[PDB]
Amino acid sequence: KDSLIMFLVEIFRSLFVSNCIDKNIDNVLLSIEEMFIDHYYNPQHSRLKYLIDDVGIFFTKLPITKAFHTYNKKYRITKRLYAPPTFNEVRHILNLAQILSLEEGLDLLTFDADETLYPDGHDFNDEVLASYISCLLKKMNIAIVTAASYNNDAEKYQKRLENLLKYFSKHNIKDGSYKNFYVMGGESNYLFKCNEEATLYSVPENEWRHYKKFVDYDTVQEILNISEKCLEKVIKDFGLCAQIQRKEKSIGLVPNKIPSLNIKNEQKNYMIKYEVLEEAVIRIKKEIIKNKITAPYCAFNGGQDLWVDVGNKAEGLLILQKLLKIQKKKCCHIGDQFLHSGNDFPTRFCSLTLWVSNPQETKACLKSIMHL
């Protein structure tokens, strides 16, 4: 999966089966930690980069030993005789390592709204999570990136975040922290800020265009025309009850409504096989490569529909850092990598990335971020 996860899972497995994972293993942990730290420095010529090829680049000194100790002290995974450490536990350990790797602090904490803030595609609904974000909003900038495209219509994005903004309306104006909240819609196309009354307003395109690689109108129209023709053939090729929904910088395969059983709800969405949505995503990806298009884009399978957006969240996060004069060692992103099979734009090449997979894990991560 994420290669360095598998790198430590396998090592902990050997430590487990050799029957010593519950004894003093600091000789191994510190030997990896200095490998990690020698990757902070000279990352082009580390021994780490030799062992794992797709390590990427570390923006920080990762205290992997302290992280293992802290996580093992709480959950006691080395006390299990038959269940060795898992992929998800190592995922936590690195998440914790990256957090404590910011003792110098961060100035920008960014969320993937679709993966962490909206449960099951709904609107924000978590008074506990909104508590922690508001707390952190006082100490740093907090931006929220989402693939939802409602042009620059600030009211439409507000509906998805109203409970969260309603929390801001009681804990984040007396100290003026609302100035540090940012929302990036359309992956990287529509930017919003917060006003005194906890209400989203649009930052006009002229004020931040200078930080985004310009993309021609005809090239964004060619990306959507290419995808249009692709989806049309997918519809014909699989007998889909669906049609194409074209927006200004997006285009989507949306399922139709069809009847149910009279005893159930009398209308439901047509269901597109996950296989057919995967077939279409890379079908589109290949025709875009066939036309030698360099513009950043994003084609994803999301639940019951498919969307092609001209811009990707990776570009948005760079745009936010170029905008607020922050460089990568002082900002991190929170998303869920189980949700995009598309390895492209792994977010970790732009900022520190935390991998969380349910609201409880997200709150655990923020709790750690408050206590620095």
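One-based numbering along the sequence shown.
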| property | result |
| --- | --- |
| Mean temperature factor over C-alpha atoms, higher-scoring stretch between 108-116 and 134-142 | 134-142 |
| Of 211-219 and 67-75, the one with larger mean CA B-factor | 211-219 |
| Per the PDB entry, maximal CA B factor within 294, 291, 189, 245 | 294 |
| Candidate residues 285, 236, 171, 91, the one whose C-alpha B factor the record puts highest | 171 |
| Entry-reported Cα temperature factor of residue 100, expressed as the chain third it lands in | middle |
| Relative C-alpha B-factor of residue 241, binned into the chain's lowest, middle or highest third | middle |
| Residue 316 CA temperature factor, ranked by third within the chain | middle |
| Modelled-residue ranking by C-alpha temperature factor, third containing residue 123 | highest |
| Residue 229 by Cα B-factor - lowest, middle or highest third of the modelled chain | middle |
